[PDB]
Amino acid sequence: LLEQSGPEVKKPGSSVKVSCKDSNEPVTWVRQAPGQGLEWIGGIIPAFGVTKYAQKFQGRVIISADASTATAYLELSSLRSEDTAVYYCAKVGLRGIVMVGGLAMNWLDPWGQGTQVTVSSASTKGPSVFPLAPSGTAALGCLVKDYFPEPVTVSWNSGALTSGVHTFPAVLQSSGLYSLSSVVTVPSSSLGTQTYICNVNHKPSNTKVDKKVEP
Amino acid sequence: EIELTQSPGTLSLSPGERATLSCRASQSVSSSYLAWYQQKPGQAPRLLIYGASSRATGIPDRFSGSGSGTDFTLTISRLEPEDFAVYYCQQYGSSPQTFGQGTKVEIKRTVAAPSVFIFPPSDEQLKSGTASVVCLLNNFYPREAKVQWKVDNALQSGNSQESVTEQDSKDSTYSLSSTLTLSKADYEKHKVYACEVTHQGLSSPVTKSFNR
């Protein structure tokens, strides 16, 4: 098991340091931008401190390891918004490891759970929550608009209403703020008799909103 | 740099069908030093196959890999629900190691037309000076769909954004939202707001509209 440190939010030009805690093998770092594939960053042989870095990151990346705490580190500097990604650590298999000088390559296993790093000029902001009012099934919802950073959580009727709920992935607007909607379909006959409340939580702003949605 | 091209980008198959995924290398891969990984949303990749054909420990027997040189394949003998995911190949025989861009194995189910709903901006939002109009396409399959906004029968461009869910856990459909953002002042300059939806399950495009 590889335990990684928590999510980070950073401004352009700054640097981020992420840790990977082993619960012997080289440790590699890979990242995945939103909706993209996997990109190798570099790696280290922790007992001996030998590092190798991908050419794209050489000059602004340092990987280090503390053998006494079985922890590896990734420090990436000169951050830009295109460095927004989930950062993974993973161990390089020892058996049949492929050596090219100080470079050690193999299949990767186990993997850390990933660290979300968001790079943005935006400031922390809580969402506004607006009703999407229902006009034999009806749809209704809540628009959760203009927040930073991710994530927001949405439930309906304090979690008692789950059937037919769709909470959409957030979209990043040109303003740098996120927006999403959550919708639910219900019998049109229940519109007069049943209350529908969307529960929105955005921890970075301690936003807690219960918005009743009605026709 | 050995470039790895995976095909197809998306593979739509029914549960129980056989799945064959391709990884094609621009240069011959040194000595079958190729691995396959599975990834599900929110989770880390998981090693399935290494050395082109060796099964990682604890991976089900219905996964097998073969190939050499420039052409490799991952086979899932019969797809189970837990197997719908993104799959990546990796070569680690030449420096630098490289990854394919992924193949999504998607659940094929019967075609379902979207149910379409339109939502005007709330009075609460208008109080703050902006107006968002939301068009919902609910519970459709397959994923391909087109949404167009018309404001007084005039096609809009550049002022809307779309979001799509992952395939629903229970029924394997998609839902999609399109949100049109206008200034409050622009919103009041027009009367009729409409979204028009095209999908292969619809005999003809569906319009939902309201009059401000």
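Only this structure's heavy atoms are used, side chains among them; waters, hydrogens and symmetry mates stay out. Chain letters run A, B, ... following the sequence lines, proteins first and then strands; every chain starts at 1.
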Parallel, tilted or perpendicular, judged at 30° and 60°: which one describes the rings of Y193(B) and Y187(B)?
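Correct class here is tilted.
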Measure up the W111(A) and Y88(A) rings against each other and bin them: parallel (under 30°), tilted (30 to 60°), perpendicular (over 60°).
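Ring orientation, 0 to 90° scale: perpendicular.
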I need the contact set between residues 39-54 of chain B and chain A: heavy-atom distance under 4.5 Å, sorted by residue number.
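Against chain A, the residues of residues 39-54 of chain B that fall inside the cut-off (heavy atoms, under 4.5 Å) are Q39(B), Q43(B), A44(B), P45(B), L47(B), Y50(B).
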Just checking heavy atoms, which of residues 97-108 of chain B are less than 4.5 Å from chain A?
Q97(B), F99(B), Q101(B)
Residue pair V152(A) / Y147(A), side-chain heavy-atom distance below 4.5 Å:
yes
[atom1]/[X] to [atom2]/[Y] distance, rounded to the nearest 0.5 angstrom?
| X | Y | atom1 | atom2 | answer |
| --- | --- | --- | --- | --- |
| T173(B) | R109(B) | OG1 | CZ | 6.0 Å |
| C135(B) | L180(B) | SG | CG | 10.0 Å |
| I76(B) | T20(B) | CD1 | OG1 | 9.5 Å |
| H190(B) | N153(B) | NE2 | CG | 13.0 Å |
| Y174(B) | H199(B) | OH | NE2 | 10.0 Å |

By a 4.5 Å heavy-atom criterion (distance strictly below it), what part of [X] contacts chain B: side chain, backbone, both, or neither?
| X | result |
| --- | --- |
| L172(A) | backbone |
| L38(A) | both |
| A90(A) | neither |
| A54(A) | neither |
| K145(A) | side chain |
| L132(A) | both |
| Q55(A) | neither |
| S174(A) | neither |
| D109(A) | side chain |

Counting only heavy atoms closer than 4.5 Å, note whether [X] contacts chain A via side chain, backbone, both or neither.
| X | value |
| --- | --- |
| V86(B) | neither |
| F210(B) | neither |
| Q90(B) | side chain |
| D168(B) | side chain |
| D171(B) | neither |
| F119(B) | side chain |

Can you see which heavy atom on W36(B) is nearest to which on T73(B), and at what distance?
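In this case the closest contact between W36(B) and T73(B) is CZ2-C, 3.8 Å.
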Heavy-atom closest contact (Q4(A) atom, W29(A) atom, distance)
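Taking every non-hydrogen atom into account, NE2-CZ3, 3.9 Å.
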Considering only heavy atoms and a distance below 4.5 Å, find which of [options] pairs most often with chain A.
| options | answer |
| --- | --- |
| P96(B), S128(B), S95(B) | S95(B) |
| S30(B), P121(B), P120(B), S122(B) | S122(B) |
| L34(B), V164(B), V134(B), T181(B) | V164(B) |

Is [X] atom [atom1] crowded by more than 12 heavy atoms from other residues, nucleotides or ligands, each under 6.0 Å away?
| X | atom1 | value |
| --- | --- | --- |
| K208(B) | NZ | no |
| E82(B) | CD | no |
| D123(B) | CG | no |

Between the side chains of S128(A) and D146(A), is a donor N or O closer than 3.5 angstrom to an acceptor N or O?
no
